[PDB]
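All Cβ positions, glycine included, derive from the backbone under ideal geometry; neighbour counts span all protein chains shown. Numbers and lists here come from the model and the stated rules, or from a named source; nothing here is a laboratory result.
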Amino acid sequence: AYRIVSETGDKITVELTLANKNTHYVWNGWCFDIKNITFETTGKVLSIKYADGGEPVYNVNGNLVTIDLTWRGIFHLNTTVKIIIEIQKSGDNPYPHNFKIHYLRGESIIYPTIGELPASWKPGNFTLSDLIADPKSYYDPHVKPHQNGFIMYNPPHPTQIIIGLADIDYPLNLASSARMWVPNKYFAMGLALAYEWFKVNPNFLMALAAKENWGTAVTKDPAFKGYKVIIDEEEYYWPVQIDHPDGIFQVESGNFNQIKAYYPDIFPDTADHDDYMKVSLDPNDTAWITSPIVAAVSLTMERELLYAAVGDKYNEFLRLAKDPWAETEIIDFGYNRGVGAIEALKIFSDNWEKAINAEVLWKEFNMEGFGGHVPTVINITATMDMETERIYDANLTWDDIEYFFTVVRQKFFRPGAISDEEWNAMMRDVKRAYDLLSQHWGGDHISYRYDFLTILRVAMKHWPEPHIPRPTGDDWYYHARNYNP
Ligand SMILES: CC(=O)N[C@@H]1[C@@H](O)[C@H](O[C@@H]2O[C@H](CO)[C@@H](O[C@@H]3O[C@H](CO)[C@@H](O[C@@H]4O[C@H](CO)[C@@H](O[C@@H]5O[C@H](CO)[C@@H](O)[C@H](O)[C@H]5NC(C)=O)[C@H](O)[C@H]4NC(C)=O)[C@H](O)[C@H]3NC(C)=O)[C@H](O)[C@H]2NC(C)=O)[C@@H](CO)O[C@H]1O
């Protein structure tokens, strides 16, 4: 909001009022972190001061003027900042105009839409055709190979989830061989939500968990001792530290609390590290659902962090780099070593020409990671992507579907993001969509591979827009402002 304070002779004074009007919590409005403010004037700037005292840093670039709120750029609930601008009249456009608030968040960040519900779809009593565009491609068992890394830029199928359960010839954690394995259906639905919400490749999370703590992989290796697991009447070993508080993704307590502060819209105030990550042999453990999602958020944080600093050069880097897996290598490296490690690489600045021309990015920059973390994850991901013969599937009962959303309701979002009525209304849509899609299989169940993405999209139609909230808060403001990769 802006207002003319004083107009007299050759001097114009405008009061720009910025605020977070929200008194209570609202979606993506619990806090606002402002990078900078830009307005336009042909007149010369005399003084820019706060109304309550002091003054912000401002920069003039011709008609464009960039105001820096510095330590006042953070806007929590019920917080107003008024800026008084004094201009000496000059040119044909003296009045300050075209005010643009720039949030501390990469505006050029992209999240690939995996698929969409048919345009005819409506909340209430939709038909089967309102769920399925064409029955041919929807139930098409044929598999198309892909080469996606961390982000699914080009999904193999619009409505299907393709988890490549391929054999791994690569020595995973000093093992002879390895076999990709989904522990249970609830963890799979976890990956699916992480895939539809934050556009994260399920194969990448599978590969990550395998390297971190054998969470998603079994082996024939006699040397490795673990739990007895049988696939196709063959004995396999599952060497997972199931008691590890950091879970199968090895998400540290410090990283958990950090992204918790970054994303209040995602995490409730009661979000505890152990309850969210620590899984067990019991498939009914809620952490089977939460841990792949928490990992997806923590991974997303890094991508959001780079975008906030690098800005537009991120997209330029993706299209000009000679390494196809480049982004995946960076993100995976920052997951294991930390975001500071990526920053210290100075890839997007000092070593721009070296990384952008690197055929293999992790080899030149020595981004091996602990125990060859980065090369392991990439190769397994590539293998799972290349797998077309053996794709994961499961039978999801209604009790499975309802349990999943129950856990989501309890472990994610804040009170007020989704009303009780809006949720019950969403469930009726999910219930109907389940019933309609179950007919193809006999009414006993739906396919995780073929139907569950549709189930999510139906549910997410009632989820607050935009679905992906902004990283915000005090901690995010300092880190993202000073981040220089
Ligand atoms: C040779 C071989 O193959 N051996 C295998 C072996 O790989 C297997 O053991 C398991 O290996 C993995 C590593 O590959 C072990 O895991 C962890 O993994 C964690 C997640 O990647 C990682 O946590 C990250 O560490 C960063 C550095 O501290 C953190 O960044 C920092 O966070 C702070 C607070 O947020 C912040 O203040 C700092 O600024 C920030 N630092 C920087 C530079 O920015 C980061 O937050 C954190 N990430 C997350 C998501 O939590 C651990 O560092 C890493 N530890 C080690 C020693 O590598 C895993 O623990 C191993 N498993 C077990 C049971 O120990 C093994 C399979 O079990 O088989 C062998 O054969």
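Annotations for the structure displayed:
- Within the stretch 311-337, the set of residues being part of a helix (DSSP H, G or I) and either within 16 Å of the ligand (Cβ to nearest atom) or aromatic (F, W, Y) (or both) comprises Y314, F317, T328, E329, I330, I331, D332, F333, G334, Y335, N336, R337.
- Of all residues in the stretch 213-265 being within 12 Å of the ligand (Cβ to nearest atom) and in a strand (DSSP E or B), the one that is surrounded by the most Cβ atoms within 10 Å (Cβ to Cβ): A217
- Test result for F224, touching a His at 6+ places or on another chain (Cβ under 9 Å) and either among the basic types (K, R) or touching a residue at least 24 places away in the same chain (Cβ under 8 Å) (or both): no
- 3 or more residues closer than 23 Å to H76 by Cα and among the β-branched types (V, I, T): qualifying strands (runs of 3 or more DSSP E) within the stretch 1-60: 31-40
- Residue match in the stretch 177-196 (condition: within 11 Å of the ligand (Cβ to nearest atom), out of contact with any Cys (no Cβ under 8 Å at 6 or more places or on another chain), more than 29 Å from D33 (Cβ to Cβ) and in a loop (DSSP other than H, G, I, E, B)): no
- Put simply, of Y95, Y138 the only residue that is surrounded by 13 or more Cβ atoms within 10 Å (Cβ to Cβ) and closer than 30 Å to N36 by Cα is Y95.
- Summed over the stretch 369-388, residues that are free of Cβ contacts under 8 Å to residues at least 40 places away in the same chain and more than 10 Å from the ligand (Cβ to nearest atom) total 1.
- Conditions (1) crowded, with 23+ Cβ neighbours inside 10 Å; (2) without any contact (Cβ under 8 Å) to a residue 40 or more places away in the chain; (3) in contact with an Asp or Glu (Cβ under 7 Å, 6 or more places away or on another chain); (4) more than 25 Å from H479 (Cα to Cα); number of the one not met by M277: (4)
- Scanning the stretch 122-133 for any residue that is assigned by CATH to the domain that holds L306, at negative phi and exposed (fewer than 12 other Cβ atoms within 10 Å of the Cβ) turns up at least one such residue.
- Of all residue pairs spaced 6 or more apart or on separate chains, those with beta-carbon atoms under 8 Å, a first member in the stretch 339-362 that is at positive phi and a second member that is within 16 Å of the ligand (Cβ to nearest atom) and not small (G, A, S) are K346/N484; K346/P485.
- Test: residue in the stretch 343-362 that is within 19 Å of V200 (Cβ to Cβ), within 16 Å of the ligand (Cβ to nearest atom) and under 24 Å from the mean Cα position of the chain (by Cα): no
- 1 or more residues over 27 Å from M301 (Cα atoms) and in contact with an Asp or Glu (Cβ under 8 Å, 6 or more places away or on another chain): qualifying helices (runs of 4 or more DSSP H) within the stretch 415-485: 420-438
- Filtering the stretch 108-120 to residues that are in contact (Cβ under 8 Å) with a residue 24 or more places away in the chain and either of a type in the set (D, E, K, R) or touching an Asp or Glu at 6+ places or on another chain (Cβ under 9 Å) (or both) leaves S108, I109, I114, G115, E116, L117.
- Count of the stretch 436-464 residues which are free of Cβ contacts under 8 Å to residues at least 24 places away in the same chain and either of a type in the set (D, E, K, R) or under 26 Å from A417 (Cβ atoms) (or both): 0
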